[PDB]
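Enquirer: Below you will find the structure I want to go over with you.
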Amino acid sequence: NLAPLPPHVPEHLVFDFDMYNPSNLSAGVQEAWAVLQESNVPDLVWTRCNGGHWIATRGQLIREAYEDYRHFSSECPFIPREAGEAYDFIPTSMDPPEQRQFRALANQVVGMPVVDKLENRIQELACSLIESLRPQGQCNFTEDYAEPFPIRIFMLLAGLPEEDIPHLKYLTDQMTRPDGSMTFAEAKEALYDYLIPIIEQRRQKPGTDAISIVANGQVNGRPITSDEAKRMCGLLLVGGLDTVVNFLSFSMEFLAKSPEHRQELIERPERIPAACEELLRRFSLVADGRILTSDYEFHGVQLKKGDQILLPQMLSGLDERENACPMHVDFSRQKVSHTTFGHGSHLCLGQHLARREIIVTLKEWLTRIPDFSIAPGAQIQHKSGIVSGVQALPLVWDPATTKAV
Ligand code: HEM
Ligand SMILES: [K+]
């Protein structure tokens, strides 16, 4: 999709780059978008790709857009038109001050006591999935761990049956990274019809699970409604069934080629929260579509109320104005500075789940399987987009390297 140039843009800004096809399908998503940070490039570009849209290159503007909600809004963070004409989800798309009620119900929908009874069952769940791979000398880590594990936890959290997993992951993959004749409206329509029977059942039949919470919690002196419940749930399931599934896989595509770091995670299992937040920096994976509230002036051009700009978090995790070591990766630097988790205007409700399933992955894979490499004659192809993925991750290992844990 390529568009002719709107002559209110002056050309010296213009850059060739698509969000689903970044500079090179053979690199990692951070190293595929890095060409936008060369020392001649402005803080923001117009791309004629995808039908036309503004991108920021620099972490520094991204972190300033992110501060004040009155100047820029997350209210639809999904920029291509198809998502832009059909995305509308709670708490994100609800106006404040009441929005902060839904945020606290969501905060408790995502509460750990309902899964914390289950910690040894969830630790079994990891072992179950690795112990199906371990003596075989190979896996394909997307399908063989990363889809199963965090989804099967989120299916405990929501009371959802595991036979639904091919359904809901198809939907959270078409919304983030499209291909077929299902539009975003169609994805949303089909997820909202899947959700409604489950919601109105919990309404008569509440039990311990997040969907029973999101079907019955109180907000501003009234209960939540089923149409609010289905609208929170969509975004929440695009969290737990996409953001964390892709993050696991890029975290091990890294470790597979790196036999120094796999020792680092077993010399200091304690330090893993540093490493985890370093991997969050180093594979920052999101590009979000910030909404203009009012106005914005830069380099003689001006933006309008209702307009928007794409903020690559893959380049927020990379700007040498904010981030001390851009490509370089070591587990022992102090807290990151970017926006791949929120700032002033909005904030991530759920990355605590994802970063836990990482901090748990970074133990229960390692403890069993400390040495591993991508299969010979294979190659990896990353899948950039508004939230990014990978095509597959086919790994190998000598299996007598391992021990039963
Ligand atoms: C580590 C993996 C993940 C990353 C990096 C990530 C990152 C983010 C980012 C950057 C935002 C936008 C913040 C803003 O607009 O300022 C977002 C929002 C959100 N996240 Fe996460 N997230 C992840 C995992 C999760 C999970 C597992 C869930 C599911 C519960 C989730 C639920 C949400 C919700 C509900 C929003 C909307 C927040 C709001 O309106 O302010 N995220 N996330
Ligand atoms: K809206």
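Chain labels A, B, ... are given in the sequence in which chains occur in the structure tokens; within each chain residues are numbered consecutively from 1, and ligands are likewise numbered from 1 in the order shown.
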With only C-alpha atoms and all ligand atoms counted, collect every polymer residue having an atom within 12 Å of ligand 2; state the result as a list in words.
Expert: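 Residues satisfying the distance criterion: residues 73, 74, 75, 76, 77, 78, 83, 84, 85, 86, 87, 88, 89, 90, 91, 92, 93, 94, 95, 231, 291 and 306 of chain A.
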Enquirer: What lies within 12 Å of segment 210-222 of chain A using only C-alpha atoms, ignoring chain neighbours under 2 positions off, as a PyMOL selection string?
Expert: chain A and resi 90-91+97-115+153-160+195-208+224-234+236-237
Enquirer: In Å to one decimal, how far is atom CA of residue 341 of chain A from atom 30 (C, counted along the ligand's line) of ligand 1?
Expert: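 Atom-to-atom, atom 30 (C, counted along the ligand's line) of ligand 1 to atom CA of residue 341 of chain A, that is 12.1 Å.
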Enquirer: Of the residues A:281, A:58, A:134, A:53, which is the one nearest to ligand 1, using only C-alpha atoms and all ligand atoms?
Expert: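 Between A:281, A:58, A:134, A:53, the residue approaching ligand 1 most closely is A:281.
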Enquirer: Using only C-alpha atoms, which protein or nucleic acid residues come within 12 Å of residue 182 of chain A? Drop anything in the same chain fewer than 4 positions from it, and give the result as a list in words.
Expert: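 Neighbouring residues, sequence-local ones excluded: residues 82, 83, 170, 171, 173, 174, 175, 177, 178, 186, 187, 188, 189 and 190 of chain A.
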Enquirer: I'd like the neighbourhood of residue 34 of chain A as a ChimeraX atom specification, where a residue qualifies if any of its atoms comes within 8 Å (using only C-alpha atoms), though same-chain residues fewer than 3 positions away should be ignored.
Expert: /A:30-31,37-38,315,318
